[PDB]
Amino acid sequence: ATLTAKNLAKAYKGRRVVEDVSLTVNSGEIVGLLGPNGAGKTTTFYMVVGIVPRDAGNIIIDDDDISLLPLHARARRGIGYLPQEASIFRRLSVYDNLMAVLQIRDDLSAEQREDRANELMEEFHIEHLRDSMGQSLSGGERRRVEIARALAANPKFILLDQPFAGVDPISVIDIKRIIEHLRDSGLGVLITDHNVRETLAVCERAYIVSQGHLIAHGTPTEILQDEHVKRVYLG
């Protein structure tokens, strides 16, 4: 499958924070979107997911233009999303958080949902926080739960907005391994994070945006060796 964004544009009160951004992600591929603070990364993710209306552009899966589909419909088509901001339910336990998302799984019976929640807790090493309320979790614990919640939806394409934020080095390795397994399982992954080295390590190719514009695209080595990228982003 192929997820394509064409000529995306977003302005806020006349300020064009995204301008003519096009990107593509395929099944079984991990693709990066990186760039300076305020460059328009999250806004771009928002327009793909359907969180904010676009001023221009198109969203397409395979042959179908899904630009007119609302958030819920795009999700049903297979678009998944891990927000940068906290997304956990504060009063619910880790287990109840997972079971809540799993309620959307029409392909799973009641018992299958319960098995999946236990599987996810095992996979993300959070079984010991099973009954812990979301609001009681440390930053890194919460991030694992939020990633697990995103996966519980069983997306075809997953947009990961800063999956490494607040996560320790061993957990970065674990999450990288999980992302690679998603890719091997046939998911397309679009990832943005400010841990450049760790993000480029998992990506096959990456887009670099700056001030709402795409300034570079290529393999990690090509990106790292790009003089313009070095100047305005890598430093």
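Each residue number is its position in the shown sequence, starting from 1.
In this entry, 180-188 has the higher mean Cα B-factor, the comparison being between 33-41 and 180-188.
Between the stretches 152-160 and 116-124, it is 116-124 that shows the larger average CA temperature factor. Looking only at 73, 165, 110, 98, the residue with the top Cα B factor in the deposited structure is 110. Highest CA B-factor among 79, 137, 86, 104, as stated in the entry: 104. In this PDB entry, the Cα temperature factor of residue 63 sits in the top third of its chain's modelled residues, the highest group. When the CA B factors of the chain's modelled residues are split into thirds, the value for residue 50 lands in the lowest one.
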